[PDB]
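Take a look at the structure below.
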C-alpha cells in the first residue's frame, strides 16, 4: 500500500503525493480536475 504513483494509475491536480521518479501527473483536457500519470520526456 505504501508506494508512489506508477505508470497506469490515476492522479488529480490537487492529489496527494506526486508521481514516482521520472513520472509526472498530467490533466485530461483544458478545464479538468483529474488526470493520469505519464512517463517523463528526455
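Each value in this text was obtained by applying a stated rule to the coordinates, not by laboratory testing. For neighbour counting, all protein chains shown are included, and Cβ atoms are generated from backbone atoms with ideal geometry for every residue, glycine included.
Maximal additional length on extending the residue 29-residue 15 stretch stands at 3.4 nm, based on 0.36 nm per residue less the C-alpha distance. The relative contact order of the chain, computed from alpha carbon pairs under 8 Å that lie at least 6 residues apart in sequence, is 41 percent. With all pairs of separate Cα atoms included, the chain yields a Kirkwood hydrodynamic radius of 10.5 Å. For 1, 14, the sequence from fewest to most other C-beta atoms within 10 Å is 1, 14.
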